[PDB]
Amino acid sequence: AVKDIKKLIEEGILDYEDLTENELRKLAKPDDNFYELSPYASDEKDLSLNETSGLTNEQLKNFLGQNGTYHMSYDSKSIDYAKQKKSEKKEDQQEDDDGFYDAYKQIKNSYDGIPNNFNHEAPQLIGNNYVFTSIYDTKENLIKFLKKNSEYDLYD
Amino acid sequence: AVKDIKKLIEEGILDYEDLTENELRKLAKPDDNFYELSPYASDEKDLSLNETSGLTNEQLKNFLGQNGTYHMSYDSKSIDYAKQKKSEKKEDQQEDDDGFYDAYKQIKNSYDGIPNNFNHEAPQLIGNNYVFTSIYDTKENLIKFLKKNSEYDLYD
Amino acid sequence: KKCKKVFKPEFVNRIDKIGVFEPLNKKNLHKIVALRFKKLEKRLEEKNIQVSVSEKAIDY
């Protein structure tokens, strides 16, 4: 009151209401694990990128633009090809969890500004200020404080 | 002060600041391993050439030229075809290093004017003079000297 | 997960404890390579050449 001091005491003693503008902005500043050099990211199934996607055909977009008595509104060539492959691979044993666990981890990270394999700190605009959140350091109590108190108030 | 004399003494005794114009240009001249005849280059995965590349379709370039409400900006026909091959080869055991380890070497050689499998000396324009750098003889201390001292100065 | 994949994961219920080895660090490689020179003198005391390893010989 400095940055590592707040992570222990503000859970026990200090409320967020009695903190200055130079103290709130530095807790939203990135930590010392940021600016630490880290290579070798761990690859996983990217739910962001769609391998079954295709290109705008412009004759579908013309025919679907003229609204009326059409019965299917996409191409279905690449997404059936995709379904035939899953019928032919015989990969079941952990893929029964991969579609069913792993999105929750990456879907919640989409509400924090964090992409798929990003094990580091990513910002999130709350009001007029950015808050760098993590996979581990979610900083949820700062988010509840800055949304509720600084709705009609400004603390940089 | 000649060329092989500088590689031993200038690390120990001589600074680069006290060197004449006929001495700086000859240390940037290529060595005697240059003009030595060397066949049989060693092939590796060329990260320069993209096997997944294609041709300008000119109806995509027209449709992407008219900016607005399109959702994919490339062809993706070939690049799905390439990813399918890596799923079918079952080659993992060293390719887990080939995309990850072999590559940092060719990327750093791009900052020195050196292509992929080029085990010889390649130039690099610094100011108004060329400096022939190598895989092994990086000549980094000449590069730090010619950028800093000869920014507003000229030494051929 | 690989124990779920190759093994049909009942082995996880069978095995008491799964250990994972870190790869060797250079601080490990100081003392670990030195242990072979202790057993080197057991087979070569007939030869009676006692090889001494300085710390300069370690990193080479």
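Within each chain the numbering goes from 1 in written sequence order, not necessarily matching the entry, and residues lacking coordinates are not shown. Each chain takes a letter, starting from A, and each ligand takes a number, starting from 1, following the order in which they are written. All values in this entry refer to the displayed chains, which constitute part of a larger assembly. The basis for the side-chain values is all heavy atoms of the structure; hydrogens and waters are excluded.

- Structure determination for this PDB entry was carried out by cryo-EM, with a resolution of 4.23 Å recorded in the header.

### Digging into the packing of aromatic side chains
Working step 1: Two rings from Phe, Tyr or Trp (for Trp, the six-membered ring) form a pair when their centres are within 6.5 Å of each other. A pair whose planes differ by under 30 degrees is stacked, one over 60 is edge-to-face, and the rest are tilted. Scanning the entire structure with this criterion turns up 10 aromatic pairs over all chains.
Working step 2: Ring geometry for A:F34 against A:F132: centres 6.5 Å apart, planes inclined by 40 degrees, an arrangement best described as tilted. Note that A:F34 is positioned in the loop between α2 (21-28) and α3 (60-65) and A:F132 in the loop between β2 (129-130) and α6 (140-148), a separation of 98 residues in sequence.
Working step 3: Ring pairing ties together the aromatic residues A:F34, A:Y35 and A:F132, which thus form one cluster.
Working step 4: Whether a charge sits over a ring depends on NZ of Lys or CZ of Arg being within 6 Å of the ring centre and within 35 degrees of the ring normal. The side chain of B:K85 reaches across the aromatic face of B:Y81, ending 3.6 Å from its centre. A run of DSSP states H or I qualifies as a helix once it reaches four residues; a run of E qualifies as a strand once it reaches two. Both are numbered from the N-terminal end.

### Brief notes about the side chain of A:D102
Working step 1: Structurally, A:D102 can be placed in helix α5 (residues 95-109).
Working step 2: Nearest to the buried, unbridged A:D102 among oppositely charged side chains is C:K1, at 5.7 Å.
Working step 3: The contact rule is simple, with two residues in contact once any of their heavy atoms fall within 4.5 Å. When sequence neighbours within four positions are dropped, the list of residues in contact with A:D102 reads A:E44, A:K45, A:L47 and A:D97. Classification of residues uses two cut-offs on accessible area relative to the type maximum, computed with a 1.4 Å probe and protein chains only: under 20% is buried, over 50% is exposed, and between them is partly exposed. Counted as positive: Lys and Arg. Counted as negative: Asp and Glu, with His and the chain ends omitted from the count. The term salt bridge refers to a side-chain nitrogen of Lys or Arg lying within 4 Å of a carboxyl oxygen of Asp or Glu.

### Thoughts on the interface of chain A and chain B
Working step 1: Contacts between chain A and chain B engage 12 residues on the former and 13 residues on the latter.
Working step 2: By convention, the term buried area covers the 1.4 Å-probe accessible surface removed from two parts as they join, with the contributions of both added. Regarding the contact of chain A and chain B, the summed buried area is about 1,000 Å², with carbon and sulfur atoms giving 51% of it.
Working step 3: Partitioning the side of chain A that touches chain B into residue classes produces four nonpolar, three polar and five charged. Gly is put with the polar residues, along with every residue not named as nonpolar or charged; the nonpolar set is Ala, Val, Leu, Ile, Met, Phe, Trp, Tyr, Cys and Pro, and the charged set is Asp, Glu, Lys and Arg.

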